[PDB]
Every structure is written in structure tokens, then in C-alpha cells.
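Asks: these chains are from a complex, not moved at all, and more is on the way:
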Amino acid sequence: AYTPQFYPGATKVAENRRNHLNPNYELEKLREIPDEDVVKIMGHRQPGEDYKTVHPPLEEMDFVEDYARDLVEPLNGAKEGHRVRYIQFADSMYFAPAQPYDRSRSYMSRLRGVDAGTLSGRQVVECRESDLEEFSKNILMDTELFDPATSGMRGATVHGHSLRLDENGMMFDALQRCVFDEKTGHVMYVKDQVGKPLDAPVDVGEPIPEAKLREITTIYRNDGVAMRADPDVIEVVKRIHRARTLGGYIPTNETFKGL
Amino acid sequence: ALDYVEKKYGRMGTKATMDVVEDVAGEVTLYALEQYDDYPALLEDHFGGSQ
Amino acid sequence: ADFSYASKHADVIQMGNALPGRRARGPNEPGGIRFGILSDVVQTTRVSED
Amino acid sequence: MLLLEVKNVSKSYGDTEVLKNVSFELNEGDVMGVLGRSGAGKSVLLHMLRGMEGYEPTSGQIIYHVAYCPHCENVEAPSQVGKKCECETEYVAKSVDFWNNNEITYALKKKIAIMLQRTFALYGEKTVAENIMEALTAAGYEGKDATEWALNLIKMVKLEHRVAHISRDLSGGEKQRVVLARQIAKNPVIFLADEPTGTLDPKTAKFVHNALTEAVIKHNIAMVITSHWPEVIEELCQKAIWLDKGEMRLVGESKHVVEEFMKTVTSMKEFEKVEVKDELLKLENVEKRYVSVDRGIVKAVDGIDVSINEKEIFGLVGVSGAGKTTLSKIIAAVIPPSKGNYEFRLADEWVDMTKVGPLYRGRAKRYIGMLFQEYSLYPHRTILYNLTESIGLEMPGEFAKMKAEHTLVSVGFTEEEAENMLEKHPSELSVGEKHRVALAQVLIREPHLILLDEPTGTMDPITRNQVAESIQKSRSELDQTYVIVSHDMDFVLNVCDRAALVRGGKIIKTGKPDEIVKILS
Amino acid sequence: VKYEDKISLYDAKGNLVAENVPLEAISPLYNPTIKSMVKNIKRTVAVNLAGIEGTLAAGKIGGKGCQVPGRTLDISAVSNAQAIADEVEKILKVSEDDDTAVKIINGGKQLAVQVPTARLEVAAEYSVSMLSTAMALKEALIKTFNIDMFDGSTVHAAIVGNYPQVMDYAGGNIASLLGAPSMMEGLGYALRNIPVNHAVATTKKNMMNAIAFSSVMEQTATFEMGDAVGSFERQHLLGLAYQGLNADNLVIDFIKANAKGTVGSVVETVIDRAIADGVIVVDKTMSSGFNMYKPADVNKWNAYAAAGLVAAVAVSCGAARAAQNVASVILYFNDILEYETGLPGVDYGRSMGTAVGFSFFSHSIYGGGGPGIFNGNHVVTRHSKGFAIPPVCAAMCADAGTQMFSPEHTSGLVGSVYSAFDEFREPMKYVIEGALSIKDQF
């Protein structure tokens, strides 16, 4: 067979990117947020009530006979028939453990039937509501992919990914969805990801210490680990660029001899 | 970029090949991103990633 | 995206159409305005019966 | 003549004979009743007859005998063998054997209708008309034909007040009737109905029932209907089976069978009296209006003044669409009112609750738990995870297992059943086992005010009496106040004490459940 | 012969059809089936008689919201139908053994007219079909119901709609699969006008057949653009064979291997297959592991990556049963493959750029419409030369009715007209048969 490498490089940032891309790597969990708390921060549905449906279950609807379409097993939320919801994250440039393109690549490498979108200060994944809640609790919130200070589940107004951290080390939030409770040392979400206030604040845990954030981040920084210390990634990027250029010029084997 | 080019190539000291494009563009990109990392004022001025 | 189509690409009424060829112009230019549209622009039927 | 046979089939699920020695025969037109306890195997048997994934037999087989066009893939009734197609060809008779990959299976599967238990197979965003219109167009008909039916149909399940209304914003039994009206409108060879009426009130249930007859029995479409609630099995089926834990305890004329079943039964436990203690909630002019620029105003709650007196069980009875779920969601601080006051006496202070936040509604919302009429669990988690880790239990994980077992036992499971159920997924339970698990999930946090939107609906009289004594014991030993929305009257007589009647968003009169009964009749 | 590449042809069920088929047997310049589809698309016109009747009855000539009082004609086009079709056929007739075919669709409310190839042999462009059909229909309507001489302009406005003022058929009831040649994004872009929904509705929501239709049109268009000329012809032929026609059963094999899998598992299976077939080899191993990969056959590696792209879209959109995932799957399939192997993606980044285009076009308020209206004659989607559009057909075929731009909403007339032709309803089978008919001439 083929043993899959995931990312070039020898530094800790490349190792963290490889770990995020690896579906067989168990991400270290750092907090326990209950399922109903994740649902409440998500703000899509009331916990305890049934999922809203967009179509009948796949057994009820009649489709044409398609051999290639029926080879793929659908998701459970697709089997019952559920609306497609989203969960959106903002990641600070100051050593957040997960980063937008890294998030999108890891989501599309690890999860089935997801819709990943990458912006500079935004990253959103869309899926059926039950499966989306499942991997939001299991992977997105409780593991080392999330830090309540340098990252945040937020839709609507997103700003502060490139700004400096506040006095408590948290990312800037124009709507202030999550605040810092100095009596317990924990970050508490007082609003959901879109902005309406929550009736009961939910503990997402305490901020990750900066020393651990240096080890678990996936961003390259001059004050942390720079790409000049990782020449293998730059060489792979340059090889990809040269291969694209040679393929766009003349896509033959003799023109790729100068690769 | 001009200083780095004049120190090792010159203004018209090299013929356009792949290697000089990779070297110059990679060095200038690494410098610009290092300056964004080193100076929070520069990063907060160009807050959007597209900029 | 579906709402964007429904809100700004579903029932848009433009004053004039784009013109082709050597008279190349965009929409809402006076070469694209039909005679009936311009008749509807003028409001004299509102205030006069002659 | 004969439609389908059932050979000696024993369905097992890992040393779990959900069903064994099941065999019955049906002809072209007859209603067959499947009567039994909760978890007896009725939903498994209907998914078995439907041919859904995971319901393949381990021992036996079922034969479907149909008509068929080899050029058109239309399946029909076997009686059509001898008649003329809607295409060329005459017809051919096929002994489709399900679970044998017999082509026709696909066409036959399209020709059979199923009413899923506690699952609304509707498009949600396609209103009421387009949902039914879809059914017609999908199955065939034509502009006029469809229109005629659509209107004639919306009349039968009684939905003329919600025609352009979005079906996602409907209310429980209304969605049930919408799914029903979608389910007649396909011309099936068989209509498998799992709990066709639902937790529906007497009157609306009667309309559903007559609609079913008006249609399926007219087109001599065989009926397989389950209800572990007999009075329908009799008024609908002529030949009914009684099974107990997957084994046919009897196979007879429906009348004798229902008799025998009802003898096996138990009466209620009329608990001891209780004195209540002070007012806890006070709602003053609560209104809830759903205004649309395209369908009119739906005044769900139309000015409602109620008071609950603390440790007491309060009932809310009414007809479908009266506004009980909207009211209960207003009480649980889930849906804000358009107008009106709600104060909750935490201990002596009345927090104004139409104000969001921990400083205001939150205060009382820590001790408010709601079981929804359209409930759900977490299907990717186990039952033990659902009671303990999914909601957050304030105890170490080693000691949460016996707490969840105690809660399941208090709900009305045995020790063996609760032990076997803990390491299981919600998809492996029955509708009624999932309902009791959701009730336990509400109860296990021990909130003060508990709202229970239709606790019963799929419980044998015995299971229902169980859930009932549960609520009564917890109210007295734990002074828990309850608000109950229900349709079973005898539950209100032997459980509730100060029920209220809801009619079109009003409160009419509040009083004793017997007084409410003589007001109703 | 000039290409030594041999392919094995498979059907839509994954069964073998023939082996050692030459690569040029599926070429648009050789395949008779592809020629027949091109000619049929060029000469087929769809006429909405019910729309003409409704427009003339209410005086709804013009465009959106346009209505001329007093210019209302009460004719019965649907009731007559057969007489109008006979008159149109008689006017459009050139020889007696002509290919003129005016058939009646949906009981008189629609017409499917095929103008003869004699009128297209002396035409520099395909627009002769719609103009000739419009003229024949105008004459048939004027002669059948005795229209006054002063209402022929109203009849023309109802049929065609604002044509001398607006160089298009906007408010009319006559349609074709190809738009106006002056409304193309670039020169030679005429064949990239069929949207995804039209291809899905024509193939009756069949996955492989819609993929084959989209790929055949896109690669024939690249031949029309002059792109697949010289050193690019081999790469476009390999792309067509492996992406649309399931050469060597690659798409079916990847889907079967990744039934429970994700996009990354599809990437892994594609890399494993390309290593096993000898398409790619190890270039060098860096200090931190990561043995770099280089293509031993560049065009074959591009074809393998395109087949894997189609399979990844099918796997993800069959898992979700929703057609909204196409942009992310193409984008991050290419990204994961590039940063996993150090190899170029499909179309050397053009597929990834077109996936970014799909992303901003179908996922934002800046976006417009869904993936069902994707066509190569759009500025957003023109950049990939027939490598990003055929996966969108698989995505829309895997959709469980959760899209506003469903094929039923946008392409019912197109499906009812063009599904009657065998080479359009099942393009895969008949393209394979046409390739089999010309095996021995290479």
C-alpha cells in the first residue's frame, strides 16, 4: 500500500500540522464541555428538542437507480434528513493552536461530508446538524484544536485575529461573546456564536498557558518558529510552484525534466 | 527587495530563469512576513489578510 | 447565496439594456431605453386627461 | 386474493430475538392489527415489512405477490393480473421475495407507504399544500387531478386553517396529519401504519381514523396498523394479532384479541393526597403571535393568566393546535412572549422573566427542566453518556453509572433492563424507551419546576401508570412542581389535581380534573 | 497512429466493456457519437407553445414585469399544436429526406423542433436554428389563426422577445442549449454553455452519465478553443477518458475503496494507485523524511488526479447527500494532494482556482445561485479547461433535494426535450459504443 505522509518539515509547527492532518492521531483533550453546552453556544437548536428536517428520510424519498451514488454510505444526519448548520471559528495570529487553512485541511481529511471555508480571520465548517454537533464536541471544542483565549466560536462580527491580545490573553471580540472570570480563572461564554445573550453562562475552561501554546500552534512566527528554520516546507512550496508553472507552459515529460 | 537583488544579482545582472524567481520571491516574502510578525503596529495597520 | 439570488438577481428591473457591437455600452444607458419604458417614465397621465 | 405471506421468521440482534415465530397471511383488502406491549417488536416488524436497512431476517422470509409491467416498472395490486396496463403489455404476476435482491423490490418498495413512529417525513420548508402537492405529483396524477385531491385531501386530515402555513412551523399532531395526507396520496399496494394517530387527542384521532378508512379501505389497500392502544385496533382491524416480547401470544379475530389483551392490564394507583405550598409562577396577560407578511397572524397564546402553587402537579388539556406547547415553552423561558408578564417566585422574590440573562431569566432557568413534545437524544452517544456526560452531572464519572441506573429504575425500568440499556445507542431503542430515557434525562438533574409535554403517548397502560407514580413520588419526596400537557384523561384524574383547559389560546376555566371532565363532557 | 496510450472501457456499473482501446477512439475529432451530440445540440430548438399562448392572451410581451395594454391576441396554440407543428415542419423542410423533426411534447404545450443539417451546412454559426424556427413559427401562427397584419409585431414579440432592441431572447418562449455567440466569455466558448442542472436533468439524475455529458462538452469545447492542440491534446484526451468516461474503472474503484472514507482517504487511494501503476515515482527524500514525488507521465498523473477529484466529490456529496460541498472538496482535495506529495494538482492549480470561484459564488451574499447553474461560459468558472465542472454534476446527482436550484426547478423543459435522444440521456454508453466502432481504424 501507501503510507501517507501529511506535511513536510522538521519543526514543531510542521509536526503539529501533520498531527492535525492525521486522522489516526488522537488529539489531546484539554477540557470537558457537555453536549448541551456546545449546542447552547452553537445557538442553532434548543437542547432536548428534536432536529428540524429539510427533507424526508432517504428511505421515504424515492430516487432513481444509481449504482455509483449508492456505493457511498450517507451520514446519519443525511439518513434521517436534517438541516445543514455551521460552526465558525476565529483564530488569533498570536500562537492559536489551530489556524484557518490548517483547520480546513484537517476537517476535510478527518470528517465526512463537510463544507470547509477559509478566510483570513474566519473559518467555517458546514454539515448536517447531528453530525456537526458530534464532531464539534468530540474534535472542535474539547481537544487541543481549541483554546478559549486565542480562539473562539463566533459568527456575525468577526475581528481581532490580527490584533494583539487583551490583558487576560484573550482574542479581541467586538461583541464580547466570552469573558474572563478571575475568581475561577476560567473563560465563560455569556453569548452564543452569533451574539444573543445566554441565560446561563457556560464554562469553556481556562486559557491554555503560553508555553503549551508555543508547542501546539500551527502558525509560523518570528517570535516563535519561523519558516527560515524549516527549509523543507519552503522547498516543497517552491517545487509546487515550479511544477504548476511548467505544467501551465507545456505539460510534457521533456519540459518537466527541468523540475 | 531592491537591496537584496543588487547585493547578489544586480539591476540587470541575470537572465530570467526559474531559480532567480524562486530565490528573490521567497526571500522577499519571508522578510515581509517576518516584519509583519515583529511589528504589531504593521500587523494592526494591515489587519486584513488580503492587504 | 440562494437568498442573494432571490434578493438582488431574481426580479431586477433595469432602465435600459446593454448594447452590442460598435455601440458597446452597459445597462442603464439611454440607447437601451425602449420607447414604452420612457413613456412610462413621464407622468402626465397622472395629472392630465388630454 | 393473497397479497403477502410471512414464513417462520425469527429476527435476532446479537443474542436478542426481538422477534421469533412470526407468521401471518393477508389478502387483497383487509386491515391487520399488531397489538402488544411497549418494545414488543411492532416497529421492528413494520420496518421489516418495509424492507429498511438492518431489518433483514436471520431465519425466515416474507413473500410479496404483486402485479407488474415489464416495460413500465409499475407494481399495482395482484388483482390487476388479468387486466390491462396503463402502458402496453397486459401484466405479469411476481412472487417478489424481499431480502432476495428481486429487481421488482425497488418498484414494490416505491409502491408501499409507511407512517414512521415519531418521525415526520415532510419537507419542512415546503408548507402544507406543496408538501401534499409533492406527494401527488411525485406519485403521478396531474395539475387538475392533483389540485382536486390536494383540496379533497387537506379536508380529510383537517388542515384548511393551515394551507399556506410552513410545515416546519406546525405543531406536533398537525405535522402528523400532514405526513398522513402525504402517505395516502401515492396509491400504495400496502399501507404500513406505525402509531398512525400519534399522541393525538380523541377528536382529531377520530378524524384521522375516518380519513384512513375513507381512503385506504375504499381502494381495498391492505392495512398493517399497530397501536398498543386497542380502541382503534377494534374500530379499524377485523383480524388482529397480539404479540408479547416478539412472540405472537395470540392470532385471532380482532375483537377477541383486543378483549384478551385488555384483561392483561392493571388499574391506576390513585396516590395519597398532598397539600401544595404557595404560588411559584404567575403569568398575567401572556400572548404569543406569529405574524407573517404572507399568511396572517397565528395568535398561539391569546392572553393567558395562570398561577402554579409550588409543590403541585398542574395539567394542561385541550385540542390539537390550542397553544399548549407554546405556553409550556413560554413557561420554560425558551420562547419569549410577544406581550405579558411572567414572574417566578425563586424563594420569595419574583424575577421578571421576559428579560434574558443570568441576572434575570437565568436565575430561575437553573431549576426549570422541560421535556419537549418533539424530543431528541444524542444519537452518537450511549444511553449512559446521555444521562450523565452529555448534559453535565455534578459527580465523578465512576459514580455516575449507578446514579443513571437509579434514575432509569425510578422512571420504570427493571434493574436488568436498565443494566442492559446503559451500553446502547438511542437508535437501538424503541419509541417509548427513548421517551422514558428523555424523561430520565430531564429528571436526573433534579430541577424545581419540571415541564412534561406529553409524557405518555406510546406507553401501554402499565408503562403509563409507571411514569405516573414516578412523577407523584418525586413531587412528594422531592417537593418537585410539575406542569403536564396531556391527552389521556384518566392520567389527569389519577395524577393531576388542578388541570386547566386550553382552547384557541385561552384558559376558559381552571379547576379539578373531574370538573374539567364534566366541562369537556 | 501518434498516441501509444491504451485504455480499457467500463460501463456505469463498473463492468468491463473492452480492452486496449486507443486513446483517440474517444477523441471528439474521431468519435461519431460526440459529433452527433454536437450536431444535435446545434440544430435542436425547444418551443414553449403554452408560454406563447399565455403571453399573447395577457399581452405580456417584453420582459420582466412588461405588459402592453391593447396588444392581446386570443389564439389556441396548445389546442391546435399538431397543425402548427406540421406547418413549421413544412416551412423548415429543405429536401423530402430531410432531418426536419417537429415533435409534440407534453400534449401540445411544447414543441421539440430539429432544423435540418442542410441549413447548418451553409451557416457560419449555430444561431440559424433558433432564427429559422422563430420565422417558421411566426408564419405558422399567422397562417393558422388569421392574425391581422397589424399584430404580426405582437406575435414576433411573444415568440422571440425584444430581439432588435436587446440582442438576445429574453422575454420569448423559444430556447436552445447554446446562448448567443456575441454573449460568450471568450472565443470558442459556445459549447461551455450547458449548466450542471441541464446535464443532470438530461441524464435523469444519473451520476456517471451526467459526468460523461459534462466532460464530453467541456473537452470538445477545449478542442474548439484551440486549447487541446499540439502538446495539450494528449492531456485533454486523457482527462476526458479518465474523468468522464471512467477509463480503467478509476472513478468507480476510488469510490468503492472510499465508501466509508473522507476526501483525504480518496487522496491516499489516488496516490497509492498512481504509485502502483508507475505514473509517479519518488523524486528525492528530504532531511525530515517526506520523499518527494515526480510524475513519470505528467498527463497521466493529471488524468489520475482528475478521476480522483470526481471520486472525492462523489464520496463527500454522497456522505452528506447535499450538493453544497463541491467547492470545498475540489479546493482541499487539490490542497491536500499538493502538500502530501509535492506534485501539482488537477490542471496545475486551475481546478483549485475554479473551486475558489465556486466557493465565493455559492456560499456568500456576494455569491449568486447554487452549483446547479455552473457553466464554463461564466467569468467565475471559465478558468479550468474542463476539469472542475464534471464533478459538479456528480455533486448535484448526489443531492437529496436540499438545493433551491434543483434540476426540477430549472431544467424540466430541457430534460423533457433532450432526454428523448439516446446519446444525450445515456452519453456514457453510446460514447463507449462509438469508440468501439472505430477501434480497428487506429
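Replies: Now that the structure is in, tell me what you want to look at. Numbers count the residues shown, from 1 in each chain, chains lettered A, B, ... in the order given.
Asks: burial measure for the residue of chain D found nearest chain C, as a count.
Replies: The nearest approach of chain D to chain C comes at residue D:125, 11.4 Å away (Cβ to the nearest Cβ). Yep, even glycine has a C-beta here, placed from its N, CA and C like the rest. Neighbour count for residue D:125, taken as other Cβ atoms under 10 Å in any protein chain shown: 18.
Asks: quick one, phi/psi of the closest residue to it other than its chain neighbours?
Replies: Excluding the flanking residues, the one nearest residue D:125 by Cβ to Cβ, 6 or more residues apart in numbering or on different chains is residue D:168, at 5.8 Å. Phi and psi for residue D:168, reported as degrees, to the nearest 10, are phi -70, psi -30.
Asks: do I have it right that residue D:168 meets residue A:50?
Replies: No. The criterion here is Cβ atoms under 8 Å, and residue D:168 misses it with residue A:50 at 11.7 Å.
Asks: dig out what residue D:9 forms beta bridges with.
Replies: residue D:22 (DSSP bridges).
Asks: residues touching the residue nearest to residue D:125, list them.
Replies: Residues near residue D:168 by Cβ atoms under 8 Å, 6 or more residues apart in numbering or on different chains: A:52, A:53, D:124, D:125.
Asks: so the residue of chain D closest to chain C: helix, strand or coil?
Replies: Of the three states, residue D:125 takes coil according to DSSP: H, G, I helix; E, B strand; the rest coil.
Asks: thought residue D:166 was touching it, still the case?
Replies: Yes. Using Cβ under 8 Å, residue D:125 makes contact with residue D:166 at a distance of 6.5 Å.
Asks: does stretch E:193-200 reach chain A?
Replies: No. Judged by Cβ under 8 Å from any Cβ of the partner chain, stretch E:193-200 stays clear of chain A, getting no closer than 10.8 Å.
Asks: C-alpha coordinates for that stretch, PDB please?
Replies: Extracted C-alpha coordinates of stretch E:193-200, given in PDB (Å, rounded to 0.1, in the frame of the first residue of the first chain):
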ATOM      1  CA  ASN E 193     -22.900  27.000 -22.000                       C
ATOM      2  CA  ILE E 194     -24.900  23.900 -20.800                       C
ATOM      3  CA  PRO E 195     -25.300  24.300 -17.000                       C
ATOM      4  CA  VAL E 196     -24.900  21.500 -14.500                       C
ATOM      5  CA  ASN E 197     -28.700  21.200 -13.900                       C
ATOM      6  CA  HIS E 198     -29.400  20.800 -17.700                       C
ATOM      7  CA  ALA E 199     -26.800  17.900 -17.800                       C
ATOM      8  CA  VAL E 200     -28.300  16.300 -14.700                       C
END
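Asks: near chain C at all, that stretch?
Replies: No. Interface with chain C: stretch E:193-200 contributes nothing (Cβ under 8 Å from any Cβ), its closest point being 13.6 Å away.
Asks: also, this goes in as chain F:
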Amino acid sequence: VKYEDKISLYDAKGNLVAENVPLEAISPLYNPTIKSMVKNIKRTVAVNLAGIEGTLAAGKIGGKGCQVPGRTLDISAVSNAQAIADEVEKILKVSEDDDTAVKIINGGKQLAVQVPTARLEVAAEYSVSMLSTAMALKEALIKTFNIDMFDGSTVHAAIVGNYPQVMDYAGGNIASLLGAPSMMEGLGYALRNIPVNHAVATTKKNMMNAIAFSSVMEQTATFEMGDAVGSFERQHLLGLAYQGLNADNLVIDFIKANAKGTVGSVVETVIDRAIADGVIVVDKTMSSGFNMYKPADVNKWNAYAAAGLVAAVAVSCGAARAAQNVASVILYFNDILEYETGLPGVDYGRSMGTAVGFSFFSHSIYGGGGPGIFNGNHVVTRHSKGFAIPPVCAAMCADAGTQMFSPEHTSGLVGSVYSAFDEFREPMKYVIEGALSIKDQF
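Replies: With chain F added, the chains above now look like this:
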């Protein structure tokens, strides 16, 4: 078959060829020569090799007065024209007997290529020829002279001027008889986009051959636009036969009868011939004595008036030997014919109005120019459906050098390339032969 009126056939010298030829024998839908002309006009591309060498040597890419310093390539394309043509033929070849011809013109200075028909069968339009020729030329220049990878962009800019930015071929050294589809002013106007200077230079300034070329192209275009279908077809067939092919030798006889005459003498000759042939009869005699005339055959009177219009243009512009008189002659031939007979003009006054606008835009500040730059796609000369452009071609053939924008100034590459083919240069003697080939099939 459906037209029972026969015509005679005469050559450009006025000698009889055959009699009782059916009218459909010269129809574009039946005549093999017209079909071959349309097929060959879509695949023939004019290449300026000396222009390519001069553009690359001085860096003249960009268009009008555009120079890019630094992007200068020194190649010897005119000397290596044989190798370049061989490589272009190798690239463009489909099979080995395909009608691919790359002939060398003017000692390597020009190149006339013909892309194969099979490349155009699967193309929706005619733009495949120029794009395919551009790509083949780019590859041939890149592999003949070992041009660097960073200068292939300059080679592309030299061959095609600003194509991705300007949807046209303006600054390049490649050309065709037909214009770009983006320049079309209406659908079906692709065959109308041949300027008068191109047709005059193609026929080597022969009057009757240029009349035949322009008439064949314009009436085939009217067939393409759908104008000449149904009851409109006979009028355009007779207009092509009489004005363009001198069926009953009407043009030559009228010119011979008015060798030293004016426009008015041609008008009376036309009326006398139409009366003698029974085409027109006296309707009524008025109180003033004016004889109002009516057509016994409307389309035949149309054809007679069109042939007389061409004859009047030839007479007046051969007397003046200047091509600036076309608009006035076309105006006043119709103007005095209508008020002499009471009969409509050549195209029911659609052609007199074409002359009234031609007289605007050939003598004013507002646009247009010389008569040689106009065409059927022009906004000034599009209104007459094939009845006003062959007079302009005849007048430009009769010009002795009084025009600044002469065919020598405007069409030097196109004329020299397209005059090498016998079918384009002398369309009369081959269209008559094609009619004789199918004379017995009606």
C-alpha cells in the same frame, strides 16, 4: 421542386451557358459550390509571417503605436517558412488525408492555412480555425527557433495582439475573411462581416466576380439569419440569381444598352425589359395621364430592379471611374424608378434608405468612411438584405485609385491569401458549374 420558374445561366462575358435551369439550383441549400465556399471560408486563415518577424524584431506587440522595450526576439520566419508550414501542418493534421493545406505565398512572406473540416464538425462556430492556427503557429515558432520559456508570451502577443484583454485580433499578424463573433451586430450576421475591400481584393478587382462573391455571401447570410425562409425564400433566390449571377443576362444587357448612358437611361431600360417580359403591367391610367404600374410577379420585379441597380452602379462608376458614387446611384435609381412607375424600389425602399444613410456616412463628419470599409454587419449597410453590398463591390472594382482606404491599403494580407483559391477568386464560373451539376435533380 416547389418553385417552377426557370432561369438561364450566363458567364461574366455574357455568353450563354445553359437554359431552363431551376431556381433552386443556385440555392445555398442545394448548390455544392456555395456549400464548399461556406465550408472553406470557415477554415481558411491568413498568416503574415513577415509581419510576425517585423513585430518580434522591433517589439511592436500591443497594437497602434505600442512598443515593449526588452521583449525583442530575432527570428527568421520568412527564411524558415517551409519548416514552419510543415510543423503547422503536422500539428493541425487530424487523419492523414484530412483537407489540411498550408501553402506558401509570396516566397514565405505570407502563409495560407486551411484547418481540417473534422476540426470544424465538432465546433459550434468558426473561431476554431484562427485559434487552432494561432496555437499551431506558436508551437512551431517555439520549437523551430529555440525560444525561451519567458518569451513565449511575446510570441503569443506577436501572433495575436491583445486577445485575452481585447476580444478580437487587432495587433496580431493573423486574419480571416470573417470578423470576430463579438463584433456581430445581430444573430446570424457572421457572413455579413466581410468588408467590401476584402471581397474586392479576394476577386482581384474583377467586377462580376466581386458582385457574385458579395451576393452569394449576403444571400447565404439571409438564409442564415432566417430571413429567407418560407414565403420570403423565393425573393432572395431570385435576387441572388439576377443580382449576382446575371441569370437572364440582365446585368450585362443593361450595361451594354447603357454604355454611354446615365442612371435614368438604365431606369428606362429596366422598365422596358420588365414590360416586355410581362413582369409588370399597367394598373390604372390617372387623370393626368400617368400610367400606374403593378407587378404581375412581385419577386421577379424585385430581382429585375436589383439587377438594374447593379447595372446602373456599374455604368455610373465606370463613367466616373471613381467609387464614391455608389450611394447616390443606389438612392436615385430607386428614387426615379418609384416615381416613374408607381412601383416599389429594389428592396421595398429598405435599400434606398440604406443609400440615404450611406450618403450620410460617406460624406459627413459623423462616422463611416470610404465605401470599401462598409459591410453587411455595419450599422449603416445592414438594412438591405443582400441588395446593396454587391453594388458597392462593383463600384470599388471600378475605382481607378481615387480612394485613400483602397483594397490595397486595407486588404493586402487577406486579398493575397484568399486570391490563391480558385473558388474564392472566380465565384461565377464555379457557382454556375455547381448549378449545372444539380440542374437535373429538381
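Asks: and the neighbour count of residue D:125, now that chain F is in?
Replies: By other Cβ under 10 Å, 18 other residues sit near residue D:125.
Asks: show me the contact partners of stretch E:63-81.
Replies: Against stretch E:63-81 from outside (Cβ under 8 Å, 6+ apart): C:11-13, C:36, E:49-50, E:52-53, E:56-62, E:84, E:104, E:107-109, E:111, E:141, E:144-145, E:147, E:151, E:154-155, E:157-158, E:161-162, E:166, E:170-171.
Asks: list the buried residues for it?
Replies: E:63, E:66, E:71, E:72, E:73, E:75, E:77, E:78, E:80, E:81 (16 or more other Cβ atoms under 10 Å in any protein chain shown).
Asks: residue C:15: neighbour count?
Replies: Residue C:15 has 14 neighbouring residues, counting by other Cβ under 10 Å.
Asks: cool, and the one 5 residues further on?
Replies: Counted with other Cβ under 10 Å, the neighbours of residue C:20 add up to 20.
Asks: likewise for residue E:289?
Replies: With other Cβ under 10 Å as criterion, residue E:289 counts 12.
Asks: cool, residue A:183 as well?
Replies: Residue A:183 has 5 neighbouring residues, counting by other Cβ under 10 Å.
Asks: what about stretch C:34-50, distance to the chain center?
Replies: 15 Å (Cα atoms, centre = their mean, to the nearest Å).
Asks: any idea how far apart the tips of it sit?
Replies: End-to-end span of stretch C:34-50 (Cα to Cα, to the nearest Å): 23 Å.
Asks: same question for stretch C:41-50.
Replies: 17 Å.
Asks: does residue E:291 belong to a helix, a strand or coil?
Replies: When classified by three-state DSSP, residue E:291 comes out as strand.
Asks: just give the nearest non-adjacent residue to it, would you?
Replies: Per Cβ to Cβ, 6+ apart, closest to residue E:291 is residue E:285, 4.3 Å.
Asks: nearest spatial neighbour of the residue in chain C that chain D sits nearest to, skipping sequence neighbours?
Replies: Residue of chain C nearest chain D, by Cβ to the nearest Cβ: residue C:2 (11.4 Å). By the measure of Cβ to Cβ, 6+ apart, the closest residue to residue C:2 outside its immediate chain neighbours is residue E:404, 4.3 Å from it.
Asks: thinking again about what came up before, and the residue nearest to residue E:291, that's in a strand?
Replies: Yes. Checked against three-state DSSP, residue E:285 lies within a strand.
Asks: now the helix or strand where residue C:38 lies: buried residues?
Replies: For residue C:38, the host element (DSSP states H and E) is helix C:35-41. The neighbour-count check on helix C:35-41 (16+ other Cβ under 10 Å) flags residue C:37 as buried.
Asks: what sits up against it?
Replies: Contacts with helix C:35-41, where a contact means Cβ under 8 Å, 6+ apart, come from C:15, C:16, E:62, E:66, E:68.
Asks: also, this goes in as chain G:
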Amino acid sequence: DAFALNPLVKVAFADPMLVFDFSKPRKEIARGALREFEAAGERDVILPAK
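Replies: Putting chain G together with the chains above:
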């Protein structure tokens, strides 16, 4: 008739908030000829006064 080609164009240009009122086109051209028509699109607030 209330309109000629488009009812939506007829209602839209009946708006009193339009600076040019299309009820009396002859009268306002007179006002613009006598320099008493206050037109829009003037950049007076972003330009120097000298």
C-alpha cells in the same frame, strides 16, 4: 391607459422624492434654462472655495 409598457416603471417615477419631477418635463427644462434648477451630484463639500 394608466401605463404603456411597464407598470413598475410608471409607479417608480411617480415618487415625489425625485429631484427632477417627470410630471411637467417642459416646465423644468425652462427652470434649468433660467438657472433656477437645483441639480444633484455636485462635489461642493469636498472642494476648496478659492
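Asks: once more on the buried residues of helix C:35-41, with chain G this time?
Replies: Under the neighbour-count rule (16+ other Cβ under 10 Å), helix C:35-41 has C:36, C:37, C:38, C:39, C:40, C:41 buried.
Asks: for the chain, what's the longest helix?
Replies: I'll assume chain A. Looking across chain A with DSSP state H, the single longest helix is helix A:231-249.
Asks: should've been chain D
Replies: helix D:461-478.
Asks: distance from it to the middle of the chain?
Replies: The answer for helix D:461-478 is 20 Å, by Cα atoms, centre = their mean.
Asks: how near is the residue lying closest to residue D:498 once chain neighbours are set aside to residue E:440?
Replies: Spatially, and ignoring its direct neighbours in sequence, residue D:498 is nearest to residue D:314 (5.9 Å; Cβ to Cβ, 6+ apart). Per Cβ to Cβ, to the nearest Å, residue D:314 is found 87 Å from residue E:440.
Asks: with neighbour numbers in mind, choose between the two.
Replies: When residue D:314 and residue E:440 are compared for neighbours, residue D:314 comes out ahead with 24 against 8, by other Cβ under 10 Å.
Asks: any chance you could read off phi and psi for that one?
Replies: The phi/psi pair for residue D:314 (degrees, to the nearest 10) is phi -110, psi 130.
Asks: that one contacts residue D:507, correct?
Replies: No. Contact criterion Cβ under 8 Å: residue D:314 and residue D:507 do not qualify, at 11.9 Å.
Asks: picking that back up, list the contacts of the residue nearest to residue D:498.
Replies: D:306, D:308, D:481, D:482, D:483, D:484, D:496, D:498, D:499, D:500.
Asks: same deal with residue A:7?
Replies: Per Cβ under 8 Å, 6+ apart, neighbours of residue A:7: A:14, A:17, A:18, A:21, A:233, E:290, E:339, E:340.
Asks: closest one of the buried residues of helix C:35-41 to chain B?
Replies: For the buried residues of helix C:35-41, the nearest to chain B is residue C:37 (40.3 Å; Cβ to the nearest Cβ).
Asks: so how far is chain F from the closest one?
Replies: Distance from residue C:37 to chain F, counting by Cβ to the nearest Cβ, to the nearest Å: 21 Å.
Asks: residue in the stretch 151-259 of chain A nearest to chain E?
Replies: Closest point on the stretch 151-259 of chain A to chain E, by Cβ to the nearest Cβ, is residue A:247, at 3.6 Å.
Asks: ok, of the contacts of residue D:314, which one's closest to chain B?
Replies: For those, the nearest to chain B is residue D:483 (51.2 Å; Cβ to the nearest Cβ).
Asks: residue D:436 falls within a helix, correct?
Replies: Yes. Checked against three-state DSSP, residue D:436 lies within a helix.
Asks: what residue is smack in the middle of chain C?
Replies: Central residue of chain C (Cα atoms, centre = their mean): residue C:15, 1.6 Å from the mean position.
Asks: try chain A
Replies: Geometric middle of chain A (Cα atoms, centre = their mean) lands on residue A:103, at 3.7 Å.
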